[PDB]
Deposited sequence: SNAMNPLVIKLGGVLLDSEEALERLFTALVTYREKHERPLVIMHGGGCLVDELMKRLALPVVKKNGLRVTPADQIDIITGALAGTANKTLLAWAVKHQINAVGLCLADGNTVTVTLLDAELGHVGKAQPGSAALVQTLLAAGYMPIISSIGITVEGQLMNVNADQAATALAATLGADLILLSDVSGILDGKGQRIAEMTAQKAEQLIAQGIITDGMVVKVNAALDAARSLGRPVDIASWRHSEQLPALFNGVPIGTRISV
């Protein structure tokens, strides 16, 4: 496994000091043996949701999926591009990993447009320019990228982190891991599946009540990329270095 890897961290992972220690130890153990370019991408866990509750900011929704009003985007930018990003940076510093925090707009890494006027400040991700990240990687830095972007006209955008990760991996030609609390799908574990097989198992109610959402997100990413994406958990962390080297320790969704 030469060739860059985007590791996208899920909400429940960021909410967990336990998980972060394991993830960051895993990054260290991996780096001692291998030398593949690594990029972290993240959204925001409960840090965001809890702050918004404190500020009486509702989780609005126009027939489906979240709305980010004018009066929320600054606060969210803060929790997400600020608190979450710099928390992960603090973890990198703690583990002596030279890391640089970025958001999507830095170097126009992932271009963002207005998804829909009625959802407010939500961005649609699409591949941007690889130069900035390539420069940082070649200089020995691990970028840690948040899922906040900026439109070309200067407006801050809250972007689905999964979609951001997909646009990033396409920009970089990177593999993609969506790391969360879902270890893998069973039927006896399933190491590889096509996206269509994953849809089938959902359709026939094999894939677990809560966490259809996690497989749907992997399978969308796989199809957007035209190549496979890994789902994996932080739980069995002694296995994370093998994952970062290409081993599907959880479930690979192929296309």
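Engineer: Could you list the ranges of the deposited sequence that have no C-alpha atoms in the model?
Structural biologist: Several regions go unmodelled: 1-2, 190-192.
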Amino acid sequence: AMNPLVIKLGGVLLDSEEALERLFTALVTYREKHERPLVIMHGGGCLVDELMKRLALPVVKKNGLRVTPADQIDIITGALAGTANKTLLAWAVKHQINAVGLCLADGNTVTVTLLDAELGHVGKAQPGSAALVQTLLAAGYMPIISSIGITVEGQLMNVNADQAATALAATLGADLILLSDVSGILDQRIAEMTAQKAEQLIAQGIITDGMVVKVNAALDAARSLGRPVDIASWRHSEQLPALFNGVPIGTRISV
From here on, numbers count along this sequence of modelled residues.
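Engineer: Averaging C-alpha B-factors over each stretch, which comes out higher, 72-80 or 94-102?
Structural biologist: Stretch with the greater average CA B-factor: 94-102.
Engineer: Which wins on mean Cα temperature factor, 114-122 or 178-186?
Structural biologist: Result: 178-186.
Engineer: When the CA B-factors of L55, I40, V229, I207 are compared as recorded in the entry, which is the largest?
Structural biologist: Reading the PDB entry, the winner on C-alpha B-factor is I207.
Engineer: Could you say which of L225, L51, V213, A195 has its CA atom at the highest B factor, as listed in the PDB entry?
Structural biologist: When the deposited C-alpha B-factors of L225, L51, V213, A195 are compared, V213 is largest.
Engineer: Pull the Cα B-factor of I249 out of the PDB entry and bin it into the chain's lowest, middle or highest third.
Structural biologist: Highest third - that is where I249 ends up once the chain's C-alpha B-factors are sorted.
Engineer: When the modelled residues of the chain are sorted by Cα temperature factor, does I7 land in the lowest, middle or highest third?
Structural biologist: Tercile = lowest for this residue's CA B-factor.
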